[PDB]
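Down below is the structure, laid out as structure tokens.
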Amino acid sequence: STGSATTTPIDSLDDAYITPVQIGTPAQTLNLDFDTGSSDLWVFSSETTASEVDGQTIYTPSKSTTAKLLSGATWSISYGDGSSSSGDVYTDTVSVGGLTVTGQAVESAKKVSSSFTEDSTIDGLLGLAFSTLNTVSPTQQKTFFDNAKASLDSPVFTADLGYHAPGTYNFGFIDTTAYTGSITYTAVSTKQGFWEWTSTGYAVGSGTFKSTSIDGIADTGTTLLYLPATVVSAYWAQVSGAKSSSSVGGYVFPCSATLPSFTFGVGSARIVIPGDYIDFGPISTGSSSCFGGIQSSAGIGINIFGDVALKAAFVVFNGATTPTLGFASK
Ligand SMILES: CC(=O)Nc1cccc(CN)c1
């Protein structure tokens with residue numbers, strides 16, 4: 001089997017992407033944030049504290065004839081931005097782009113933090129990291145991909161995120177029309193539960209390529225590109241007036257700037273992120289100070305190839321017995 005679904009930016013900045021997901025019988029369609037940096041499929045629901053729901057579409061398990069309470073199971077998760085959610089668990093039928101999994105753990109939120117409430121466009125998350133990170137207790141649950149894998153034509157999914165435009169998540173096949181040139185595959189460590197790999201270096205604008213190993217994760221659920229402070233300083237040094245602002249929480253630059261591209265290495269291959277992808281717009285409405293799309297990972301503990309990087313590529317998440325990642329230009 002295969003599946004194919006369109007993923008759409010939630011706003012004009014590509015702050016996140018939402019993908020429609022069918023849950024239950026009859027189908028309830030929710031728009032979920034597909035997140036290769038986590039491993040829980042959780043949703044706003046009829047159980048979510050009422051004051052914490054503001055415009056999201058909710059899953060109502062009592063209206064699904066295939067929903068079953070997973071007795072005794074609970075979940076609780078915290079994310080890198082300080083947000084969090086928790087609740088109980090149902091199993092139900094879940095379909096993405098025509099690919100159906102029966103008995104999928106659907107984690108129903110009883111509580112969500114303010115940032116989730118405040119974002120009316122995201123109805124929940126669909127985790128696509130390794131199932132070892134799943135938070136359900138006392139019995140850990142599998143991701144949608146892990147559950148689907150054995151049925152897929154090939155044990156893979158692909159992310160093809162758009163810049164200020166829709167893109168595609170495919171399951172079970174590689175669309176050879178969706179990229180240019182070849183796909184370069186690189187080793188993955190699953191030791192931390194992530195799609196963790198090592199980039200071979202970087203270049204800023206038209207500058208020379210610096211060969212250096214940068215370990216990081218391919219994370220569709222993170223907006224920006226988080227890299228070592230040395231790399232990030234080298235980038236922003238090429239933008240007149242750019243500086244790190246502790247009050248804003250990262251590098252900012254004059255909105256009048258033209259940003260240089262940023263290249264990252266995948267083996268001997270190179271992925272070029274155009275400068276415009278690195279502009280996240282005014283820091284507050286009407287400001288002439290703009291927020292940068294490349295930021296330091298120093299406070300985080302891990303480098304993160306978030307949407308800024310991934311959207312510049314066609315990315316293969318190869319879930320074969322020894323997983324790997326593939327990157328192509330597009
Ligand atoms: C408030 C909100 O939507 N946070 C979120 C979503 C998806 C992933 C992560 C972690 N990178 C955080």
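The first residue you see is number 1, and the count goes up from there.
According to its header, this structure was worked out by X-ray crystallography, 1.1 Å.
Here the Cβ of each residue, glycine as well, is placed from N, Cα and C on the backbone.
Pulled from Swiss-Prot, these are the features on record:
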| type | residues | note |
| --- | --- | --- |
| DOMAIN | 17-328 | domain 'Peptidase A1' |
| ACT_SITE | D35 | active site |
| ACT_SITE | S199 | active site |
| DISULFID | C255-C290 | disulfide bond |
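Location within the structure of each feature annotated in Swiss-Prot.
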| residue | record | Cβ contacts under 8 Å, 6 or more apart |
| --- | --- | --- |
| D35 | active site | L125, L126, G127, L128, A129, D219, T220, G221 |
| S199 | active site | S213, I214, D215, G216, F264, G265, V266, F305 |
| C255 | disulfide bond | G281, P282, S287, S288, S289, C290 |
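Among the recorded positions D35, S199, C290, residues whose Cβ is positioned under 6 Å from ligand 1 are identified as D35. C290 (disulfide bond) has a Cβ environment of 22 other Cβ atoms inside 10 Å.
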